[PDB]
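As provided, my_file-v5.csv (CSV, C-alpha atoms) reads as follows.
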chain,number,residue,atom,x,y,z
A,539,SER,CA,22.4,8.5,-23.2
A,540,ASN,CA,19.4,9.7,-21.1
A,541,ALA,CA,15.7,10.0,-21.8
A,542,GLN,CA,15.2,8.5,-18.3
A,543,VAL,CA,15.3,9.1,-14.6
A,544,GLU,CA,17.6,6.6,-13.1
A,545,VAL,CA,16.0,4.6,-10.3
A,546,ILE,CA,18.2,3.2,-7.6
A,547,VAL,CA,17.0,1.0,-4.9
A,548,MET,CA,19.1,0.9,-1.8
A,549,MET,CA,18.3,-1.4,1.1
A,550,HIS,CA,19.7,-3.0,4.3
A,551,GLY,CA,20.4,-6.6,4.1
A,552,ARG,CA,22.0,-8.9,1.5
A,553,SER,CA,19.4,-9.0,-1.3
A,554,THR,CA,16.4,-7.0,-0.5
A,555,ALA,CA,17.1,-4.4,-3.2
A,556,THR,CA,18.4,-6.9,-5.8
A,557,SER,CA,15.4,-9.3,-5.4
A,558,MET,CA,12.9,-6.4,-5.7
A,559,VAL,CA,14.6,-5.0,-8.8
A,560,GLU,CA,15.0,-8.5,-10.4
A,561,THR,CA,11.3,-9.0,-9.8
A,562,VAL,CA,10.1,-5.6,-11.2
A,563,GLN,CA,12.4,-6.2,-14.2
A,564,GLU,CA,10.6,-9.5,-15.0
A,565,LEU,CA,7.1,-8.1,-14.5
A,566,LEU,CA,7.7,-5.2,-16.8
A,567,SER,CA,10.2,-6.8,-19.2
A,568,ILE,CA,12.7,-3.9,-18.7
A,569,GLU,CA,16.5,-3.8,-18.0
A,570,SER,CA,16.7,-0.4,-16.2
A,571,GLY,CA,16.8,0.1,-12.4
A,572,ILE,CA,19.8,-0.4,-10.1
A,573,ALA,CA,20.0,-2.4,-6.9
A,574,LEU,CA,22.5,-1.5,-4.1
A,575,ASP,CA,22.3,-3.8,-1.1
A,576,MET,CA,24.1,-3.0,2.1
A,577,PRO,CA,24.5,-5.9,4.4
A,578,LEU,CA,25.6,-5.1,8.0
A,579,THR,CA,29.3,-5.9,7.0
A,580,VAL,CA,29.4,-2.9,4.6
A,581,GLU,CA,29.9,0.5,6.2
A,582,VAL,CA,27.7,3.6,5.6
A,583,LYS,CA,30.9,5.2,4.3
A,584,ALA,CA,31.7,2.5,1.7
A,585,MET,CA,28.0,2.3,0.6
A,586,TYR,CA,27.8,6.1,0.0
A,587,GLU,CA,31.1,5.7,-2.0
A,588,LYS,CA,29.4,2.9,-4.1
A,589,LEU,CA,26.3,5.1,-4.7
A,590,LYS,CA,28.7,7.8,-6.1
A,591,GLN,CA,30.6,5.4,-8.4
A,592,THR,CA,27.2,4.1,-9.6
A,593,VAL,CA,25.4,7.2,-10.5
A,594,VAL,CA,28.3,8.6,-12.3
A,595,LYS,CA,28.2,5.8,-14.8
A,596,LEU,CA,24.5,6.2,-15.5
A,597,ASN,CA,24.3,9.7,-17.1
A,598,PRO,CA,21.6,11.1,-14.8
A,599,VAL,CA,20.6,14.0,-17.0
A,600,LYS,CA,17.0,13.6,-15.9
A,601,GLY,CA,18.0,13.0,-12.2
A,602,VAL,CA,18.1,10.1,-9.9
A,603,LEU,CA,15.3,8.6,-7.8
A,604,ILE,CA,16.5,6.8,-4.8
A,605,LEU,CA,14.3,4.2,-3.2
A,606,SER,CA,15.3,3.4,0.3
A,607,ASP,CA,14.0,1.8,3.5
A,608,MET,CA,15.3,3.4,6.6
A,609,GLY,CA,18.3,4.9,8.4
A,610,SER,CA,21.3,6.6,6.8
A,611,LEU,CA,20.3,5.3,3.3
A,612,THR,CA,17.5,7.8,3.7
A,613,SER,CA,19.7,10.9,3.5
A,614,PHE,CA,22.3,9.9,0.9
A,615,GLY,CA,20.4,11.6,-2.0
A,616,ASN,CA,20.5,15.0,-0.5
A,617,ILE,CA,24.2,14.6,0.4
A,618,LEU,CA,24.7,13.5,-3.2
A,619,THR,CA,22.8,16.5,-4.8
A,620,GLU,CA,25.0,18.6,-2.4
A,621,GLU,CA,28.3,17.0,-3.3
A,622,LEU,CA,27.8,16.3,-7.0
A,623,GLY,CA,25.1,18.7,-8.3
A,624,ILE,CA,22.9,15.9,-9.5
A,625,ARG,CA,19.1,16.3,-9.0
A,626,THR,CA,17.8,13.8,-6.6
A,627,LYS,CA,14.7,12.6,-4.8
A,628,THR,CA,14.4,10.0,-2.1
A,629,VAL,CA,11.6,7.8,-1.1
A,630,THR,CA,11.7,5.9,2.2
A,631,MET,CA,9.9,2.7,3.5
A,632,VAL,CA,10.0,1.3,0.0
A,633,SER,CA,8.4,-2.0,-1.0
A,634,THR,CA,7.8,-3.9,-4.2
A,635,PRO,CA,4.7,-2.0,-5.4
A,636,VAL,CA,6.7,1.2,-5.1
A,637,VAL,CA,9.7,0.0,-6.9
A,638,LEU,CA,7.1,-1.2,-9.5
A,639,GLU,CA,5.5,2.2,-9.9
A,640,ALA,CA,8.9,4.0,-10.1
A,641,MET,CA,10.5,1.9,-12.7
A,642,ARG,CA,7.3,1.7,-14.7
A,643,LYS,CA,7.0,5.5,-15.0
A,644,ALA,CA,10.7,6.1,-15.4
A,645,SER,CA,10.9,3.9,-18.4
A,646,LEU,CA,8.0,5.8,-20.0
A,647,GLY,CA,10.2,8.8,-19.6
A,648,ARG,CA,8.5,10.7,-16.8
A,649,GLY,CA,10.1,13.6,-14.9
A,650,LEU,CA,11.8,13.0,-11.5
A,651,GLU,CA,9.2,15.2,-9.8
A,652,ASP,CA,6.4,13.3,-11.5
A,653,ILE,CA,7.7,9.8,-10.6
A,654,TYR,CA,8.5,10.9,-7.0
A,655,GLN,CA,5.0,12.1,-6.5
A,656,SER,CA,3.5,9.0,-8.1
A,657,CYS,CA,5.2,7.0,-5.3
A,658,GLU,CA,4.3,9.3,-2.3
A,659,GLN,CA,0.7,8.7,-3.6
A,660,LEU,CA,1.0,4.9,-3.3
A,661,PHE,CA,1.2,5.7,0.4
A,662,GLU,CA,-1.5,8.3,0.6
A,663,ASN,CA,-3.8,5.8,-1.1
A,664,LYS,CA,-2.9,2.3,0.3
B,540,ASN,CA,8.2,-20.0,22.8
B,541,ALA,CA,4.6,-18.9,22.3
B,542,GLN,CA,4.6,-15.4,20.7
B,543,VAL,CA,2.7,-13.7,17.9
B,544,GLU,CA,4.2,-15.3,14.7
B,545,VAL,CA,5.5,-12.9,12.1
B,546,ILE,CA,5.4,-14.2,8.6
B,547,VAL,CA,7.0,-11.9,5.8
B,548,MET,CA,5.5,-12.7,2.4
B,549,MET,CA,7.0,-11.2,-0.7
B,550,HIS,CA,7.4,-11.3,-4.4
B,551,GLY,CA,10.8,-12.2,-5.8
B,552,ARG,CA,13.5,-14.7,-5.1
B,553,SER,CA,14.6,-13.5,-1.7
B,554,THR,CA,13.0,-10.1,-0.8
B,555,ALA,CA,11.3,-11.7,2.2
B,556,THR,CA,14.3,-13.8,3.2
B,557,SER,CA,16.7,-11.0,3.0
B,558,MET,CA,14.4,-8.7,5.1
B,559,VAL,CA,13.8,-11.3,7.8
B,560,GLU,CA,17.5,-12.1,8.1
B,561,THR,CA,18.6,-8.5,8.4
B,562,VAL,CA,16.2,-8.0,11.2
B,563,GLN,CA,17.2,-11.2,12.9
B,564,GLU,CA,20.8,-10.2,12.8
B,565,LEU,CA,19.9,-6.6,14.0
B,566,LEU,CA,18.1,-7.9,17.0
B,567,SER,CA,19.9,-11.3,17.5
B,568,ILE,CA,16.6,-13.2,17.6
B,569,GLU,CA,15.8,-16.4,15.7
B,570,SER,CA,12.1,-16.0,15.2
B,571,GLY,CA,10.3,-14.6,12.1
B,572,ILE,CA,9.5,-16.7,9.0
B,573,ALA,CA,10.3,-15.8,5.4
B,574,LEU,CA,8.2,-16.8,2.5
B,575,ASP,CA,9.4,-15.9,-1.0
B,576,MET,CA,7.2,-15.9,-4.1
B,577,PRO,CA,9.3,-16.0,-7.2
B,578,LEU,CA,7.7,-16.0,-10.7
B,579,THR,CA,8.2,-19.8,-10.8
B,580,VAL,CA,5.7,-20.2,-7.9
B,581,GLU,CA,2.0,-20.0,-8.4
B,582,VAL,CA,-0.4,-18.1,-6.1
B,583,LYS,CA,-2.1,-21.3,-5.1
B,584,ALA,CA,1.1,-23.1,-4.3
B,585,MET,CA,2.1,-20.0,-2.2
B,586,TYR,CA,-1.1,-20.2,-0.2
B,587,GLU,CA,-0.7,-23.9,0.4
B,588,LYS,CA,2.7,-23.5,1.8
B,589,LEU,CA,1.7,-20.6,4.0
B,590,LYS,CA,-1.1,-22.7,5.3
B,591,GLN,CA,1.3,-25.6,6.0
B,592,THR,CA,3.9,-23.3,7.5
B,593,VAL,CA,1.3,-21.8,9.9
B,594,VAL,CA,-0.3,-25.0,11.0
B,595,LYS,CA,3.2,-26.3,11.9
B,596,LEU,CA,4.2,-23.2,13.8
B,597,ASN,CA,1.4,-23.8,16.2
B,598,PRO,CA,0.6,-20.1,16.9
B,599,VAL,CA,-1.1,-19.6,20.3
B,600,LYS,CA,-1.5,-15.8,20.0
B,601,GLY,CA,-2.4,-15.2,16.3
B,602,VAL,CA,-0.2,-14.7,13.2
B,603,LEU,CA,0.9,-11.4,11.6
B,604,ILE,CA,1.5,-11.6,7.9
B,605,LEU,CA,3.7,-8.8,6.3
B,606,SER,CA,3.3,-8.7,2.5
B,607,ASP,CA,4.0,-6.3,-0.4
B,608,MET,CA,1.1,-6.5,-3.0
B,609,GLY,CA,-1.2,-8.7,-5.0
B,610,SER,CA,-3.0,-11.8,-3.9
B,611,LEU,CA,-0.6,-12.2,-0.9
B,612,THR,CA,-2.4,-9.3,0.7
B,613,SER,CA,-5.5,-11.5,1.1
B,614,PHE,CA,-4.0,-14.8,2.1
B,615,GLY,CA,-4.6,-13.6,5.7
B,616,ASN,CA,-8.4,-13.4,5.4
B,617,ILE,CA,-8.6,-16.7,3.5
B,618,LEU,CA,-6.4,-18.6,6.1
B,619,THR,CA,-8.5,-17.3,9.0
B,620,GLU,CA,-11.8,-18.2,7.2
B,621,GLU,CA,-10.3,-21.6,6.3
B,622,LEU,CA,-8.9,-22.6,9.7
B,623,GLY,CA,-10.1,-20.1,12.3
B,624,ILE,CA,-6.7,-18.7,13.2
B,625,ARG,CA,-6.5,-15.1,13.9
B,626,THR,CA,-4.3,-13.2,11.4
B,627,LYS,CA,-3.8,-9.6,10.5
B,628,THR,CA,-2.2,-8.3,7.3
B,629,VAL,CA,0.1,-5.4,6.6
B,630,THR,CA,0.6,-4.6,2.9
B,631,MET,CA,3.5,-2.5,1.4
B,632,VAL,CA,5.9,-4.0,3.9
B,633,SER,CA,9.3,-2.4,4.1
B,634,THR,CA,12.3,-3.3,6.3
B,635,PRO,CA,11.4,-0.8,9.1
B,636,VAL,CA,8.0,-2.5,9.6
B,637,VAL,CA,9.5,-6.0,9.6
B,638,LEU,CA,11.8,-4.5,12.2
B,639,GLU,CA,9.2,-3.0,14.4
B,640,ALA,CA,7.0,-6.2,13.9
B,641,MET,CA,9.6,-8.7,15.0
B,642,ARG,CA,10.9,-6.5,17.8
B,643,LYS,CA,7.5,-6.1,19.5
B,644,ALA,CA,6.7,-9.8,18.8
B,645,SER,CA,10.0,-10.7,20.6
B,646,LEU,CA,8.8,-8.6,23.5
B,647,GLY,CA,5.7,-10.8,23.7
B,648,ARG,CA,3.2,-8.1,22.7
B,649,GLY,CA,-0.2,-9.1,21.3
B,650,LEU,CA,-1.2,-9.1,17.6
B,651,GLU,CA,-3.5,-6.1,17.9
B,652,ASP,CA,-0.8,-3.9,19.4
B,653,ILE,CA,1.9,-5.0,17.0
B,654,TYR,CA,-0.4,-4.5,14.0
B,655,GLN,CA,-1.2,-1.0,15.0
B,656,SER,CA,2.4,-0.4,15.6
B,657,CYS,CA,3.3,-1.2,12.0
B,658,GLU,CA,0.2,0.6,10.8
B,659,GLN,CA,1.5,3.7,12.7
B,660,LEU,CA,4.7,3.7,10.8
B,661,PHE,CA,2.9,4.7,7.5
B,662,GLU,CA,0.9,7.2,9.5
B,663,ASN,CA,4.1,8.8,10.9
B,664,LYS,CA,5.7,8.7,7.5
B,665,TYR,CA,2.6,10.8,6.5
Turn this file's structure into structure tokens for me.
Amino acid sequence: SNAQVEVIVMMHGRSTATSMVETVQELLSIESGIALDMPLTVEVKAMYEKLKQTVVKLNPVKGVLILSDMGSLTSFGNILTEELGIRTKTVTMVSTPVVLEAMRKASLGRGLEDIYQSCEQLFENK
Amino acid sequence: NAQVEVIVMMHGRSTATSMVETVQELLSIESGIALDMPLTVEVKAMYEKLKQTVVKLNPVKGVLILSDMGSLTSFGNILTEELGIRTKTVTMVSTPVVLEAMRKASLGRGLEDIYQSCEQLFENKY
């Protein structure tokens, strides 16, 4: 039922992504945005599988923006666009203000290109 | 054990904790200190407890604060002014920088060199 870019935050560790999303959700009073945490017990395989199941349920007509930190998580999106045909952008080295910007703009209905760029700018500025 | 103390300071219930703990488990080290600021904690209470945490750690080589956004970004300057302890602050902290930061600190590198190490990640992103 999509007027929005779906924003997925994927991070190493038990709750980095969850805590960041739960925080941006309270700051903006919004219910969008998805957290996928991969602790060191979950394989890269299994986690990519989880990304797949996840996206598929969100109706990503407007695309998916992946917010990631480092490593393999960083390349998932491109692999997904490849495998599933779903438009994707990834940002790496993500922190709270970035999640904040992304979920803010997504929920105003901005394009995937537009929200991606917004973020890369948070870095260019700092 | 007398190294640069790395304090990760973040918004949310466990962004900081989860980051510190991933990195500790990645490097099998026990150092690094997490401070989480949920919405139920006021800025002033957060600075107090940072202050009390730091006094107790007894840093002999300076303290490096890793933070996301907002007032947490200036706690570093204030703490130094208030007690004459040398701090530097990185803002927009992401797991890779907590990783680099705790790694080098573990090696016994100085504040200045670690700080520029983290700074250089954003540069090398760019």
Contact table chain B vs chain A, cut-off 8 Å, shortest pair per residue, only C-alpha atoms, as a tab-separated table:
residue	atom	partner	partner_atom	distance
B:550	CA	A:561	CA	7.0
B:551	CA	A:561	CA	5.1
B:552	CA	A:557	CA	5.7
B:553	CA	A:557	CA	5.7
B:554	CA	A:554	CA	4.6
B:555	CA	A:554	CA	7.4
B:557	CA	A:554	CA	5.3
B:558	CA	A:554	CA	6.2
B:560	CA	A:551	CA	7.4
B:561	CA	A:551	CA	5.0
B:577	CA	A:561	CA	7.7
B:578	CA	A:561	CA	7.9
B:607	CA	A:634	CA	5.9
B:608	CA	A:635	CA	6.2
B:631	CA	A:633	CA	5.5
B:632	CA	A:633	CA	5.9
B:633	CA	A:631	CA	5.2
B:634	CA	A:607	CA	6.1
B:635	CA	A:608	CA	6.3
B:661	CA	A:661	CA	7.4
B:665	CA	A:662	CA	7.6
Excluding residue 616 (chain A) and its own-chain neighbours fewer than 4 positions away, which residues fall within 12 Å of it when counting all atoms listed in the file? Please give them as a compact mmCIF listing (two decimals) with C-alpha atoms, in the frame of the given file.
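This is the output file part_38.txt:
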# COMPACT_ATOMS: atom_id res chain seq x y z
CA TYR A 586 27.80 6.10 0.00
CA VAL A 602 18.10 10.10 -9.90
CA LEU A 603 15.30 8.60 -7.80
CA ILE A 604 16.50 6.80 -4.80
CA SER A 610 21.30 6.60 6.80
CA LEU A 611 20.30 5.30 3.30
CA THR A 612 17.50 7.80 3.70
CA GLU A 620 25.00 18.60 -2.40
CA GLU A 621 28.30 17.00 -3.30
CA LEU A 622 27.80 16.30 -7.00
CA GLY A 623 25.10 18.70 -8.30
CA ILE A 624 22.90 15.90 -9.50
CA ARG A 625 19.10 16.30 -9.00
CA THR A 626 17.80 13.80 -6.60
CA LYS A 627 14.70 12.60 -4.80
CA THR A 628 14.40 10.00 -2.10
CA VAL A 629 11.60 7.80 -1.10
Contact residues around residue 625 (chain B) with only C-alpha atoms at 10 Å, ignoring same-chain residues under 3 positions, as a list in words: residues 598, 599, 600, 601, 602, 603, 615, 616, 618, 619, 620, 622 and 650 of chain B
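The space separating CA of residue 580 (chain B) from CA of residue 614 (chain B) comes to 14.9 Å.
Residue nearest residue 547 (chain B) within the list B:569, B:639, B:581, B:575: B:575 [criterion: smallest interatomic distance, all atoms listed in the file].
You will find CA of residue 644 (chain A) at 11.8 Å from CA of residue 566 (chain A).
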Polymer residues at most 12 Å from residue 595 (chain A), all atoms listed in the file, same-chain spacing of 4 or more positions, as a list in words: residues 539, 540, 544, 572, 588, 589, 590, 591 and 599 of chain A
One-decimal distance in Å that lies between CA of residue 648 (chain A) and CA of residue 541 (chain A): 8.8 Å
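Closest approach to residue 662 (chain B) from the set A:657, A:617, A:647, A:663 is made by A:663, with distances taken over all atoms listed in the file.
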